[PDB]
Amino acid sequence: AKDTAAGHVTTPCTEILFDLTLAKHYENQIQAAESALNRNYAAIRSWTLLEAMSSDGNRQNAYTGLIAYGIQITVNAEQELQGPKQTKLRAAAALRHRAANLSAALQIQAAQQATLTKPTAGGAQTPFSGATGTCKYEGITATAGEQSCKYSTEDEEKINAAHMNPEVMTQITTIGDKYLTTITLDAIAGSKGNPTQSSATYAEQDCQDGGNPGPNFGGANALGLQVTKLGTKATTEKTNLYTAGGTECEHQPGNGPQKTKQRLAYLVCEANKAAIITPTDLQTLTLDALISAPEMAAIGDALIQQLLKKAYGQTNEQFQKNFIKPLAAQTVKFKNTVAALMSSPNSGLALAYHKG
């Protein structure tokens, strides 16, 4: 089942929810990858301190092996994140920009009831050079109270990051441009008798004179207008992310003018295709992941799997004991635990103290 989330966009408010939810999904992908990097850098500082506290040459080289491995994979992953990060943030920014746009248009398109001003009566005058009576209104306004989008339980279940993996997204749905550009209104004129410039009784927000002027054109001669409603109807449109063959993004820029929906579809397509690679979590590393890691062959040689097990352990249970558990369990004292210490104000000073 593809396009669960986009297929739930049927209104300005649900497009706003989709756009903000997808932007947050891209932002969270980046935050998760950067958190993984930060955890890895914290583990490298932890092993650096443990290396300095070792008195055994072979245990020292073991910590060195983990430091080298962690630096390699984490520096690489940080460099490889930058492209996908920029692509995903470009889309997140555009999606947030669009959601802001739609919400501002929603507020104006809610201004659906007019307040008339007191008119001024005339005879012929532009744009009615042939009239004998005119009734001129200046500064009619329409304003709505503060609007807000209300979402149901199902809106939040369907338009949800859980349904925004790249494998299920093939299109976006957007509100038509006229909602963002066009004022629409109905209006009606009414006449009775022989309205002229002397129809200057304005108590009913129209032009009356003669007889007994009052409600419902009470007077002999009357002219007026009313703006009976305003507001442009929202419509929805679909835009595909991919070409017909499904690999390539469909709406690449630089080929001629594009509509907002096409620019957004292109950015979303590129952000979906820009997959992030997260490196191994050093702080929860297992023995098998370490000796299976392609990078440890050249590292272990420099400092093969048989050798790695002799350095790091025959079971993961003792690998955990010797190399993982100390980060949160080994207490360091001088004048905190390892990993907290090496992410603290005294991190460098703990290292200097123990290398002497």
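For every residue, the number given is its place in the sequence shown, counted from 1.
K.L.:
Between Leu303 and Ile304, determine how many residues of the deposited chain lack coordinates; answer none if the chain runs continuously, otherwise 1 to 3, 4 to 9, or 10 or more.
P.N.:
Gap between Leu303 and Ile304: 10 or more residues without coordinates.
K.L.:
None, 1 to 3, 4 to 9, or 10 or more: how many residues of the deposited sequence lack coordinates between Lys335 and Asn336?
P.N.:
4 to 9 residues lack coordinates between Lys335 and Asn336.
K.L.:
Of the two stretches 211-219 and 146-154, which shows the higher Cα B-factor on average in the entry?
P.N.:
Looking at the recorded C-alpha B-factors, 211-219 comes out higher on average.
K.L.:
As stated in the PDB record, which stretch has the larger average Cα B-factor, 326-334 or 66-74?
P.N.:
Comparing 326-334 with 66-74, the higher average CA B-factor belongs to 326-334.
K.L.:
Out of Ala36, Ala42, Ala52, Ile30, which residue has the highest Cα temperature factor in the PDB record?
P.N.:
Result of the comparison over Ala36, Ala42, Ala52, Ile30: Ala52.
K.L.:
Among the modelled residues of this chain, does the Cα B factor of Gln112 put it in the lowest, middle or highest third?
P.N.:
Ranked within chain, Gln112 CA B lands in the lowest tercile.
K.L.:
Can you tell me whether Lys355 has a C-alpha B-factor in the lowest, middle or highest third compared with the other modelled residues of the same chain?
P.N.:
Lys355: CA B-factor falls in the highest third of its chain.
K.L.:
Would the CA B-factor of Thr201 place it in the lowest, middle or highest third of its chain?
P.N.:
Highest third.
K.L.:
Split into thirds by Cα B-factor across the chain's modelled residues, where does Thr284 land: lowest, middle or highest?
P.N.:
Highest third, going by the recorded CA B-factors of the chain.
K.L.:
Could you say whether, by C-alpha temperature factor, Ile277 belongs to the lowest, middle or highest third of its chain?
P.N.:
Highest third.
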